[PDB]
A.B. asks: 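First the structure, then my questions, so here it is.
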There are 2 protein chains.
Amino acid sequence: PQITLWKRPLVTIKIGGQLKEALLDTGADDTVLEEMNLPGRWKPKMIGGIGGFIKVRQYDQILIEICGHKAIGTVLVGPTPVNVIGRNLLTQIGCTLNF
Amino acid sequence: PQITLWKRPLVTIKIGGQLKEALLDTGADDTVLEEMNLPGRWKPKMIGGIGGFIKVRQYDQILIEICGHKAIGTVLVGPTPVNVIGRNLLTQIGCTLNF
Ligand SMILES: CCOP(=O)(COc1ccc(C[C@H](NC(=O)O[C@H]2CO[C@H]3OCC[C@H]32)[C@H](O)CN(CC(CC)CC)S(=O)(=O)c2ccc(N)cc2)cc1)OCC
């Protein structure tokens with residue numbers, strides 16, 4: 001699809017059997033979801049945003065379907081203000097910026 | 001043009017007669033730029049993301065040129081670790097997400 005930006009670019013995602021809403025975020029290197037239960041091993045990690053750093057759980061090689069397009073990659077879970085899909089997965093679904 | 005997301009979508013902008021580099025950021029509601037002492041009146045604002053909030057100065061009806069595309073709108077100035085072109089100006093240059 002082609003998505004304009006007059007509203008937040010929110011899409012439905014499927015992860016770990018659950019549907020969620022997430023923001024397509026070209027300014028995010030990484031994908032960060034709010035607190036949730038994900039099956040799999042995880043490592044503690046730190047990530048930095050506009051306001052400083054937070055502690056997250058890093059899940060690797062996680063299947064996630066974004067607006068009908070499948071990706072398998074790293075998902076960070078922690079106190080992010082909103083679910084964001086970052087470039088690590090945006091590249092997998094073939095997402096580009098166009099103007 | 002079309003910008004893939006393998007790397008940060010950094011572009012040159014022109015604002016207040018100065019050239020800067022900024023991210024095209026679909027996750028940013030509003031444009032936020034590094035400290036720069038623009039003339040005119042402004043309004044205090046707080047913007048939040050990963051890690052919390054920072055204090056910024058809101059200027060309205062500021063002209064920015066983004067890869068030759070002119071736009072005019074709100075620009076927030078403050079101690080941001082990165083310059084981001086947000087949706088308020090990305091719409092004006094006709095920028096879309098596509099996959
Ligand atoms: C102290 C740390 O220092 P740094 O490491 C941080 O640098 C940064 C690099 C890019 C960004 C941009 C930010 N990306 C982000 O948070 O991504 C994180 C996960 O992926 C990695 O990749 C980069 C960072 C992490 C979002 O696109 C936009 N945000 C909102 C978004 C939705 C609510 C928040 C999830 S917003 O908060 O910025 C914002 C809020 C209100 C506005 N009107 C305008 C902007 C911010 C900081 O830099 C050192 C020089």
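In what follows, every chain begins at residue 1, and chains take the letters A, B, ... in the order their sequences are listed. In each ligand, atom 1 is the first atom listed, and ligand 1 is the first ligand listed. Side chains are part of it too, since the values below use all heavy atoms of this structure and drop only hydrogens, waters and symmetry mates.
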A.B. asks: In the protein, what heavy atom is nearest to atom 22 (O) of ligand 1, and what distance, to one decimal place, separates them?
C.D. replies: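 Among all protein heavy atoms, the one nearest atom 22 (O) of ligand 1 is A:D29 N, 2.8 Å.
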
A.B. asks: For atom 25 (C) of ligand 1, tell me which residue out of A:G27, A:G48, A:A28 has the closest non-hydrogen atom.
C.D. replies: A:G48

A.B. asks: Which bit of A:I50 gets closer than 4.0 Å to ligand 1, counting heavy atoms only: side chain, backbone, both or neither?
C.D. replies: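 The part of A:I50 near ligand 1 is both the backbone and the side chain.
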
A.B. asks: Among B:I85, B:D25, B:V84, exactly one meets side chain to side chain contact (heavy atoms under 4.5 Å, CB included) together with A:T26. Which residue is that?
C.D. replies: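 In the set B:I85, B:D25, B:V84, the residue that makes a side chain to side chain contact (heavy atoms under 4.5 Å, CB included) with A:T26 is B:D25.
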
A.B. asks: Salt bridge check: are A:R8 and A:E21 linked by an N-O gap of less than 4.0 Å?
C.D. replies: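 Not counted as a salt bridge, because no side-chain N and carboxylate O are separated by less than 4.0 Å.
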
A.B. asks: Dump the intermediate steps for side chain to side chain donor-acceptor pair (under 3.5 Å) on A:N88 and A:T31, then the final yes or no.
C.D. replies: CA-CA 7 Å; A:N88 73 307; A:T31 294; 2.9 Å; yes

A.B. asks: Using a strict 4.0 Å cut-off to heavy atoms of B:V82, name the atoms of ligand 1 that fall inside it.
C.D. replies: 7 (O), 8 (C), 9 (C), 10 (C), 11 (C), 46 (C), 47 (C)

A.B. asks: Which one holds for A:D25 and ligand 1: side chain close, backbone close, both close, or neither close, with close meaning a heavy atom under 4.0 Å?
C.D. replies: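 Side chain only; the backbone of A:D25 stays clear of ligand 1.
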
A.B. asks: Given A:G86, B:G52, B:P81, B:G49, which one has a non-hydrogen atom that is nearest to atom 48 (O) of ligand 1?
C.D. replies: B:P81

A.B. asks: Evaluate the side-chain proximity of B:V11 to B:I66: yes if any heavy-atom separation is below 4.5 Å, no if none is.
C.D. replies: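 Yes; the side chains approach each other to less than 4.5 Å.
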
A.B. asks: In terms of atom number and element, which parts of ligand 1 are under 4.0 angstrom from non-hydrogen atoms of B:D30?
C.D. replies: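 Selected atoms, number and element: 42 (C), 43 (N), 44 (C).
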
A.B. asks: Please write down residue, atom name and distance for the protein heavy atom closest to atom 41 (C) of ligand 1.
C.D. replies: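 Minimum-distance protein heavy atom for atom 41 (C) of ligand 1 reads B:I47 CB, 3.8 Å.
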
A.B. asks: Does one hydrophobic cluster hold both B:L89 and B:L63, with members joined at side-chain heavy-atom distances below 4.5 Å?
C.D. replies: no

A.B. asks: So A:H69 and B:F99, would you call those rings parallel, tilted or perpendicular, with 30° and 60° as cut-offs?
C.D. replies: perpendicular

A.B. asks: Side chains of B:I62 and B:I72: closer than 4.5 Å at any heavy-atom pair?
C.D. replies: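 No - every pair of side-chain heavy atoms lies 4.5 Å or more apart.
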
A.B. asks: Run the numbers for me: atoms of ligand 1, each under 4.0 Å from some heavy atom of A:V84, listed by number.
C.D. replies: 35 (C)

A.B. asks: Output the list of atoms in ligand 1 that are nearer than 4.0 Å to some heavy atom of A:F53, sorted by atom number.
C.D. replies: 1 (C), 2 (C)

A.B. asks: With a cut-off of 4.0 Å, which atoms of ligand 1 are near a heavy atom of B:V32?
C.D. replies: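 Those of ligand 1 that fall under 4.0 Å from B:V32 are 42 (C), 43 (N), 44 (C).
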
A.B. asks: Is B:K45 close to B:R57 at the side-chain level, that is, under 4.5 Å between some pair of heavy atoms?
C.D. replies: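 Side-chain contact under 4.5 Å: no.
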
